[PDB]
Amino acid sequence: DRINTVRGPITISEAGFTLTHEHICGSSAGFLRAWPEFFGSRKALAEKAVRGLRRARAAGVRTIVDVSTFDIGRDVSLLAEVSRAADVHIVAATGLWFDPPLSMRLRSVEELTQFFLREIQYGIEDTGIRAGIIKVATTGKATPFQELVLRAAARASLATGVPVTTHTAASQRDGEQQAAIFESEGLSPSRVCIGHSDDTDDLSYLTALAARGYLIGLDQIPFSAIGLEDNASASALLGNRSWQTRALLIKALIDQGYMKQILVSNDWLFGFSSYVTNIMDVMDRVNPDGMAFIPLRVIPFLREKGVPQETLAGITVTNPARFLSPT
């Protein structure tokens, strides 16, 4: 019944409309502290984040799950500052993404389990802020290290009850390998979200995972590089599929009877240093609504297509609550 946020423990009824895969800043370990001028200043980034979260709140958002791990440069102090200023609950993450430094990548599965447990049970750094989710990743076939991370995440989830969420290359069907590794450790599918799943039109892959009890992360809805095909960097990140196509997968999974397995988000950020220089400016031009894209543009889109309000409320409120609750 209680989940950990950057402001402390809250009850699941307080969570409300929740965006399950978001970021305040997409960076690297220690980067924001060492070079805040990359984002203008730390103050400029904080103010931009507060404006965006306040706009999201006005649109209906009550909670966002910041899936930024240590290697994505998660700065919990920044998350706490912006959460309080915008009055939007933010759930922090532990885990490891695809840029682990030497001190992380040379560790055993036992050592990684203890790190994840430290961030969930004790706290992140010296802040006392506890992680409420574990973020892991693969991009195609898992490397020997990525396999250890998935196993460590599963062991950390089994000891705490906190969920696991993933980054995938949906086109390569990564969810199947991830799922197999999680189950080999005894982890329940109901504790896992196979993210970036809206990057494929293969409904057979999505429904099969949904049938096993997995939560499906249709989390990059505003990602579209239509209009900017001359920009190779933006095209590789955002893709050539429209927001409408990504959004119709929510309808397709409801129509197949898997409304309870759907998690929706924007995968948005206010700062982005782990990619090419002016990517944040390009992204803000594509989607000016930012994190508010789901309640403002996606929810009314699905309403006119025939999806009931109680099903949409069930996806945005009930599903994240069941997912985030420690069991």
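We number the residues from 1 along the sequence you see.
Novice: Between 304-312 and 8-16, name whichever shows the higher mean Cα B factor according to the PDB entry.
Specialist: 304-312 has the higher mean C-alpha B-factor.
Novice: With respect to the recorded C-alpha B factors, which stretch has the higher mean value, 224-232 or 167-175?
Specialist: Result of the comparison: 224-232.
Novice: Which one of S197, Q244, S83, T113 shows the biggest C-alpha B-factor in the PDB entry?
Specialist: Spelled out: the listed residue with the top C-alpha B-factor is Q244.
Novice: Out of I279, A46, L32, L263, which shows the largest CA B-factor listed in the entry?
Specialist: Answer for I279, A46, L32, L263: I279, with the highest C-alpha B-factor.
Novice: Lowest, middle or highest third of the chain for the C-alpha temperature factor of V162?
Specialist: Middle third - that is where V162 ends up once the chain's C-alpha B-factors are sorted.
Novice: Splitting the chain's C-alpha B-factors into thirds, which one does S41 fall into?
Specialist: It falls in the bottom third of the chain.
Novice: Compare the C-alpha B factor of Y275 with those of the other modelled residues in its chain, then answer lowest, middle or highest third.
Specialist: It falls in the middle third of the chain.
Novice: Taking the C-alpha B-factors as the PDB entry records them, is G52 in the lowest, middle or highest third of its chain?
Specialist: It falls in the middle third of the chain.
Novice: If you rank the chain by CA B-factor, which third does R155 end up in: lowest, middle or highest?
Specialist: It belongs to the middle third of the chain when residues are ordered by C-alpha B-factor.
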